[PDB]
Amino acid sequence: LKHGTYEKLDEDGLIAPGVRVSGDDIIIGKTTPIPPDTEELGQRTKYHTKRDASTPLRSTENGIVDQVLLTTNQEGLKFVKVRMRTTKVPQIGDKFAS
Amino acid sequence: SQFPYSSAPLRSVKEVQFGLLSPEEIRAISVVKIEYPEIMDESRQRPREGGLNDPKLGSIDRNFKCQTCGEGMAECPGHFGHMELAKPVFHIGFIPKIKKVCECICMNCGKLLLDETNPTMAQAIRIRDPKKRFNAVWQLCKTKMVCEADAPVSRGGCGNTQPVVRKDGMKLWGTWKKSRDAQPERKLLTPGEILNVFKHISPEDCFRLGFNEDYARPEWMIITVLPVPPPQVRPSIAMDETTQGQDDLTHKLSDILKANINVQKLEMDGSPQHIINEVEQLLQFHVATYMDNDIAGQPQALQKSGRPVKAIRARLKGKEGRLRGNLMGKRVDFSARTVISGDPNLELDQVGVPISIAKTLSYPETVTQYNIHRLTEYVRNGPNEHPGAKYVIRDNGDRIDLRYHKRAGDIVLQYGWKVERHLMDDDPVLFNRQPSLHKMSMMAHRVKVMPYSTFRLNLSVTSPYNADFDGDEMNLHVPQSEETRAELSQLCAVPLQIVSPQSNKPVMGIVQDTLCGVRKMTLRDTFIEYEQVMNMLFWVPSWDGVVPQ
Amino acid sequence: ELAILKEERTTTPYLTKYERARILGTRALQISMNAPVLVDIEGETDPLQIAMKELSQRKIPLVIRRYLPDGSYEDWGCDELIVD
Amino acid sequence: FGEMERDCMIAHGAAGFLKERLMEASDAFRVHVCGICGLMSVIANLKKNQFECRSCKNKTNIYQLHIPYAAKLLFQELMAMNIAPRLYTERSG
Amino acid sequence: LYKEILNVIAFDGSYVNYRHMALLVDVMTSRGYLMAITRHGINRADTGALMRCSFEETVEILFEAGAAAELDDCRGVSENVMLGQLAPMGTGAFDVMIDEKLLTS
Amino acid sequence: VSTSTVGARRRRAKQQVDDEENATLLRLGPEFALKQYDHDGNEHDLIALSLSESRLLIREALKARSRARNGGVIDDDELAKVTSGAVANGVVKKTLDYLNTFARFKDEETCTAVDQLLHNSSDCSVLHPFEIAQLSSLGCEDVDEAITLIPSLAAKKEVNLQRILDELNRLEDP
Amino acid sequence: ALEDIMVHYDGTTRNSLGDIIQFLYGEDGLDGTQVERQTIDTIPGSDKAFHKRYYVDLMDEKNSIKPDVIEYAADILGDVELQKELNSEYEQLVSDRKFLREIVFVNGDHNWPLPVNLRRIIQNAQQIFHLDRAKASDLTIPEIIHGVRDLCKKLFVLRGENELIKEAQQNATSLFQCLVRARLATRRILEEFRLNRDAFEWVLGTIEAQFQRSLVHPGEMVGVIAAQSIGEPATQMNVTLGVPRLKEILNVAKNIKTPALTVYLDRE
Amino acid sequence: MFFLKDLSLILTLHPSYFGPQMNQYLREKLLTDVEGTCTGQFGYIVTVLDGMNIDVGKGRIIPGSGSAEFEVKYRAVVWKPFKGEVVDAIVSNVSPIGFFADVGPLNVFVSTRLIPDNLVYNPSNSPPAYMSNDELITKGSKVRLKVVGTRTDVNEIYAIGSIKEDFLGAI
RNA sequence: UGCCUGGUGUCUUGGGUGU
Ligand SMILES: [Mg+2]
Ligand SMILES: [Zn+2]
Ligand SMILES: [Zn+2]
Ligand SMILES: [Zn+2]
């Protein structure tokens, strides 16, 4: 798993709009199946069958989740888009021009 | 101290001796023989032994140890394997030299066409440099077009007429003037014939030709056994979460091995010469393009995607090649980059560093009895509070991360440990702007930690850097040792660079509005009242506390 | 054989800036590795400052070996090289 | 830390800083070389404390070096092309 | 050669110290003939193969060195840079020994 | 760990048969060749040591070190205990026990006379030092026995082997 | 091309092969940062001005040192040995003038970069020792002559007693010795600068120390410095000129764009 | 067989020992690290001659690590067995697979296949021995054996002896 | 007593920033 936090995800693996996010947080939760190992020996169903393929927020960016879009691609599979919003106030080093 | 202990003595390279690899040495240094073209055993992990991904060649997986040395991925250097060629092939990089050597010697008796009896030949042999010696010997013996079975007394020759050799791609044509005009025959000079001719060259003749008996023997220019590089040289890449991609070298080696298998199968079963020629020429092409894919005069080897194959030669040349892009200049750790800004209130040799950059970068300070108290305070403060620390390094080399330690207050520092403390004030750091046209483009400043996210410079140093504050960015490099810190503070420091050796004149002066204001302020009709004079005098750091009359 | 006798030493009798920088760095590193200090320390704590104080008093126990182009060398003590 | 920065560091005369930048702050690596053949073919097993060069059949005349990983890669790629760069820790004249 | 170089540099009023141009024109004419500052001039010296291959014609130089069994003495600065060693320059142009005589105090 | 004064020995192509260790063939390898070099690089001969000479040298060196460590103020057990290192102590104990239980000559003058006889002799001027050490060590009694034990002396028939053996037996303390 | 060139401990400038490029860096062994434009005073001016400035006559009263500047003006006139010393000094000055005017600088340019600024040293001495006031100096002429003569032999660029080493050492400081003798002449010291004794030894010691400090340091990578110093102006810049001409020069092109000759005709 | 050899050692010293007693400390460190060691190339180093007057020279400071490196040259007594050499021994153990003897610091194992057949191993004897009608070799018995093979280990040497030829066996 | 995770493609191309 990614070192970020998964606690902001909903039941369907998608974050909800209006939630403040920080760098490395997980905004899309996705897993890919993996052939199980011999852990079925004595593991009480607690054996790894899936591998994480989640999408984390960029490390240097943070903001508010603005709008989450869920639809189907041309192939009929699920397809999501997450838009993040933040405000940038001028500060020392910002470039201006006439 | 970052490497696990090894009892072998540690020394430094003093000489690099070049040469060719004999087939005996290739077989000796190898650890496995590569013969099966299939990369994967049954697509069920555990790559096939004897294949291109044999576990004995080395390990590139974290949980898999090398079966040859037993070391981990971080320590295994990779081990070579060898592939036996069914028929010898030319080395693509030595074909012109092979042609020259064929012109210099007789193709039957394997002896030089000229002897020391000729004064010019003896003069040429007298020279020392192997390349110039070979050039002179070739210039002389080129003219001699017939072997002499008798002295020009027997000189050891066979008396046969020497053919004229012409190059055509990877094939060499030898034309004999068989016996005014008659019918001459030009026949192909196969690599095997040239190889067995070269093996009969005497060591003295080999030395006369510029080759070295011990290190560069002429017949080693024909490839009879191929070394297979370890997977470290040709790592695989995971294109997506499921399918990984074989490297270009791996595919080329698979093609070469398939061609070798095809030649071996064809030879034992049935031998139409046309088919043999076609298949052996295919093998020669594959071996040649595996090492050089820019051979002028013939089409390049292409991938299934249509892109040309990245041969080994292409890996070493250009700006992005090995030498220019990874050895002469490489990406480095402990560095920062951000926009620069001006600060009139900074000394000449001071740079303003943001707090976040100061927290990210670090300097390993050895714990002694002069600073153990301060370093313990830094360790307590942790990696988020300035001044703080990021790691504690023990004598054995183990790193203690202070982010993930629940008992940071329960750490006692012993003498000789290192604390990777945060960047602090008056730390010398190297500061740089590209392009670095002259040596004043890299100078060492003293750190001053400041808020906001830009590097800050006294405006007098904007001239040597050729920098202004309209968006320029500059690079900062942190020394990581006492020796390096001393070198920076004693050699590259900004005050030492004021006068340049290019024109023996200063490179830094008063600039911009300070220059305008020192012209306006020093006019003859500028008078200043007492209350403003007091403020102006207090602003001078070096003022001695006496107001002038 | 390769060593040059003290009477026939012909190199400069001054500490060049490269030699000064290298000597200061090496001495600072050694002090940071708990080497004995040959001068009294008033209130100084920085290894580089202690090394500079040692150098000013000609107390650094190091020897410079200057390599001539032919391979011969001259051994100069840091206590007999003039420092500016 | 490109070539022009390397030239500036040469002009300053700071050899230690250049070595540290290109080794410690970058790809530093440790290899073992045979004292006879001069090749990086020593099969070193640090935990068992045994070193061995099969080609020369020796167990003693073996040294270790600290070289950039890119240099090791370059020498291995040269060996892949039948060129043998031999590293020796003593001069001969 | 010095006169021509100085004429080129000083046309726009710029000034470069004499010793630099003197060094350049002494390098260009040190072999008895004019040595152009190109691969055909620099790479035709007796310097180490590793130093020469770092400029231009890397692979061809490496093959020529291998076939001729060239020996590189690792005296240059490029050789020591690409091997991660202390170059024999600046602060690396000497050795520091330990003074067992002075430590007796 | 320790390195001999002989260095270089780089790669070549020829292989020789005089490389393998063999006492009978008197092939002792490069590091034990007949010609050696000292710290000054001058010519030096291989220095073999018989059990008498080895015992004399080890006893002298050990007692000198013991005297030095006590400020310059005989028992083999105490002498072994002088050295440092438990494994070193055991090794020197074993060597001392071997030398004592097989010492043919425990006197300095007897060993000196034996060495003079085995060196200054005209016949022995060609004898290899290893052969001399073996002769003084094994304490052979017969020409046939010595030849069987030392195959090298079989090819050297210009040696007064029997009378030299009798001289050694005489010098040997009964 | 120039990377592997470095000043060695014997003063020579060699590449990595050990081949000599120069027998002395910059032909004087100095560092590029430790030189300044100075005027050599023996070059310019007519013969009458040179004679008036430098000649001292102890027989003619009105052509001698002024009596108010020296305490010992009474027992100077009529001395013959001191006149011999002064004549030797003046002959040395005339030889320097001839050497500079006929060999080194034929066009008469006298403003050249030279080490240790003499004017700054002299005015520092004047400020330090309060050399104002009409007070008479106590500096005897033989002290001046011998002090300057000895100073011109302590400017060590090369150490050693070898004869060839001594010849190279003498060659390396010819121009600087000419400058020093031009400035520290007897008449100029006694009249123009009015130094006393203590100022004189201070000036001599300062000149020697500064010259020792202005030498080049073994271990300089002068090749890279030269390459950078030549390439830096090129980034900021009928015959061909500019970058194309520099490219023609460096490549040693056989057929340049505008070949030309400069034919000089005979005097008539 | 014992020999005199001129050996050299590389000694690295930590800066914390840079004191007036540096030379003597290097001497004892050399003695502790050389006396009694076993190198396959040379054999066994038993003693170092002139152990208190060994020249150490001038140590070189390792760039970047501060520690000084010393090159110490010394003369030492070395013992090394050779293939095909006959030497005296003392039996240390008796076992059905063969008997183990000691030649100084070296322990030599002789298998039954290299022992004359008449010397049948007697386990009933006290102590058990390989005995014949006129020969009886047990623990502590002097034996003359010929070394046939030597095995090289990390810091150990294993030799194999034989008594199957003439003038061998019990002495 | 229920007990805590560091591991990140490659190759092309295109548009830009500062000289
Ligand atoms: Mg700008
Ligand atoms: Zn491995
Ligand atoms: Zn012929
Ligand atoms: Zn080897």
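Residues numbered from 1 in each chain as written, not as in the entry; some residues may be left out. Chains lettered and ligands numbered in written order. Part of a larger assembly, values for the part shown. Heavy atoms only, no water.

Structure determination for this PDB entry was carried out by cryo-EM, with a resolution of 3.6 Å recorded in the header.

Caption draft 1: Representation of the sheet that holds strand β1 (residues 15–17) of chain B within the structure. Within the open sheet, the three strands sit side by side as β3(D)-β1(B)-β1(E). Their pairing is antiparallel. With partners counted over all chains shown, the strands left at the sheet margins are β3 (86–88) of chain D together with β1 (71–72) of chain E, one partner each. For β1(B) and β1(E), the ladder comprises two bridges, and the chain directions are antiparallel. Bridge assignment links B:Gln17 to a residue of β1(E), and that residue is E:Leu71. (Pairing = 2+ DSSP bridges. Helix = DSSP H or I, 4+ residues; strand = E, 2+ residues; numbered from the N terminus.)

Caption draft 2: View of the protein's contact with RNA strand I. If you check the shell around RNA strand I, you find 17 residues, and the closest are A:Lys2, A:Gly4, A:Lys95, B:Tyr404 and B:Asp472. In RNA strand I, the atoms that sit within 4 Å of the protein are 47% sugar and phosphate, with bases accounting for the remainder. Within the backbone of A:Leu1, a nitrogen or oxygen atom sits 3.4 Å from a base nitrogen of RNA strand I. In the model, a base nitrogen of RNA strand I is placed 2.8 Å from a nitrogen or oxygen of the B:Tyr404 side chain. The residue makeup of the surface near RNA strand I, split by class, is seven nonpolar, three polar and seven charged. (Near = heavy atom within 4 Å. Polar contact = N/O pair within 3.5 Å; in protein donor to acceptor, adjacent residues only side chain to side chain. Nonpolar A, V, L, I, M, F, W, Y, C, P; charged D, E, K, R; others polar.)

Caption draft 3: Spotlight on the coordination of the zinc ion (ligand 3). Residue and element names in this part refer to chain B. Taken together, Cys 106 (SG), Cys 109 (SG), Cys 147 (SG) and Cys 158 (SG) make up the protein donors of the zinc ion (ligand 3), found 2.3 Å from the metal. For the zinc ion (ligand 3), the four donor atoms are set out with angles of 103 to 114° between them, so the coordination reads as tetrahedral. With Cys 106 in the loop between α2 (95–104) and α3 (119–126) and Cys 147 in the loop between α4 (130–141) and β3 (164–168), this residue pair connects regions lying 41 residues apart in the sequence. A single burial state applies to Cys 106 and to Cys 147, both of which are buried. (Donors = N, O, S within 2.8 Å, 3.2 Å for Na, K, Ca; no water. Tetrahedral: all angles 85-135°; square planar, octahedral: opposite > 155°, others 65-115°. Buried < 20%, exposed > 50% of the residue type's maximum accessible area, 1.4 Å probe, protein only.)

Caption draft 4: Broad picture of the packing of aromatic side chains. What the rule picks out here adds up to 24 aromatic pairs over all chains. Relative to G:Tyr90, the ring of G:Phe50 lies with its centre 5.7 Å away and its plane at 40°, an arrangement referred to as tilted. Here G:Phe50 is found in helix α1 (residues 47–54), whereas its partner G:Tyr90 is found in helix α2 (residues 81–104), with 40 residues between them in sequence. Like G:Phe50, the residue G:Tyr90 is buried in the burial classification. Grouped by ring-pair contacts, the aromatic residues F:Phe32, F:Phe130, H:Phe3 and H:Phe82 constitute a single cluster. Geometry around E:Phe94 places C:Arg22 over its ring, the cationic atom sitting 5.1 Å from the centre. The ring centre of F:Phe32 lies 5.7 Å from the NZ or CZ of H:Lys5, which sits over that ring. (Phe/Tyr/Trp six-rings, centres within 6.5 Å; stacked < 30°, edge-to-face > 60°. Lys NZ or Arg CZ within 6 Å of the ring centre and 35° of its normal.)

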